[PDB]
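Encoded as structure tokens, the following chain is the form deposited in one PDB entry, with no partner shown.
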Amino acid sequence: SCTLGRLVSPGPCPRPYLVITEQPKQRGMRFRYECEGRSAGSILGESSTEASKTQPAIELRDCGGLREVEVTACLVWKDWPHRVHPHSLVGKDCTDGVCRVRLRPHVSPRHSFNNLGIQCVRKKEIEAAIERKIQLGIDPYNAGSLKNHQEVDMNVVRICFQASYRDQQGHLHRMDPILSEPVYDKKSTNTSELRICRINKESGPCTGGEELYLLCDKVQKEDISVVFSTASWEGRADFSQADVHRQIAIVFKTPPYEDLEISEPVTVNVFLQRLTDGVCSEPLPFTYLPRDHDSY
């Protein structure tokens, strides 16, 4: 079985592998169907910017002695059995849910993906769509388990990386697969990105009980709670799913401060926290008042 022993043949030098330098933006990318007819996406890098928005960039380490290497981006689930995900990855140089780039190892080992996007297949396909790929020998881990336990996260996926090397000799070895920081579709209310868009007043007495309105992006009533968290304190309002006007507005009641009135007012930030995974949103400016203000 075992070919050779731990002979100091390699010696802390060889042993090539790769690494994601810039992860693909978590959630924000709208998966598209083969119905919307598309081919190039816009996927960004985890930490981009509305300005010079970064992009999914990766490099190679220990590629020395290598002439030319090929990358293999493909979509797999998010848990243990990273089976080949049904949603195919489209874009330039993407044949079947897989992209390839014969990047020259030495002379600049780094590829920044540009026009890159996903393609979400309808549900009544999902399974078969996995069979197709299977047949065409597509499974970066060969673990296809269909018909029994399914439940596939049609909203998130991991893009596996299989980088194949090539030397002069007939010793074309293969490195180890690399997984990405899960990608979440923007079109899904459950996993989209949270965001308030406006609020009633900016100042409210610490007496609380004050009712305030608010607009937002499609959120799931039966799973969401507005908070007034801050340094030293974290008090979240109260209301019921009944006040979640058609997934784009909330009618809550400002909870009282942490028992305080001490002189002039203190500002606090308010944002949304999904009662399921935690993902918060861009906080908004709010202010509490020290009880009444009886005076002239």
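Rigid core (definition): largest C-alpha set, two forms, superposition within 1.5 Å. When you see a residue number, it is the position in the sequence shown, counting from 1.
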| item | value |
| --- | --- |
| Average Cα temperature factor in the PDB entry - higher stretch of 199-207, 178-186 | 199-207 |
| Segment of higher mean CA temperature factor, 267-275 or 245-253 | 267-275 |
| Most elevated Cα B-factor in the entry, residues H171, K124, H85, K78 | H171 |
| Highest-ranked of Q220, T191, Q150, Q119 once sorted by CA temperature factor in the record | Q150 |
| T230, C-alpha B-factor rank within chain (lowest, middle or highest third) | highest |
| Third of the chain, ranked by Cα B-factor, where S9 sits | highest |
| Modelled-residue ranking by C-alpha temperature factor, third containing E59 | highest |
| Third of the chain, ranked by Cα B-factor, where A237 sits | lowest |
| For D259, the third of its chain into which the C-alpha B factor falls | highest |
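Beyond what is shown, the protein has a form deposited in another entry; the following relates to that form.
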{"item": "Flagged residue of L146, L215, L212, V101 - C-alpha shift reaching 2 Å or more between this form and the one not shown, core superposed", "value": "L146"}
{"item": "Shift of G45 between this form and the one not shown at or above 2 Å (CA, core fit)", "value": "no"}
{"item": "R122: Cα shift of 2 Å or greater between this form and the one not shown (core-aligned)", "value": "no"}
{"item": "In the other entry, shift in Cα separation for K133 relative to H149, 3 Å or more", "value": "closer"}
{"item": "Closer or farther in the other entry: C-alpha pair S145, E181 (3 angstroms or more)", "value": "farther"}
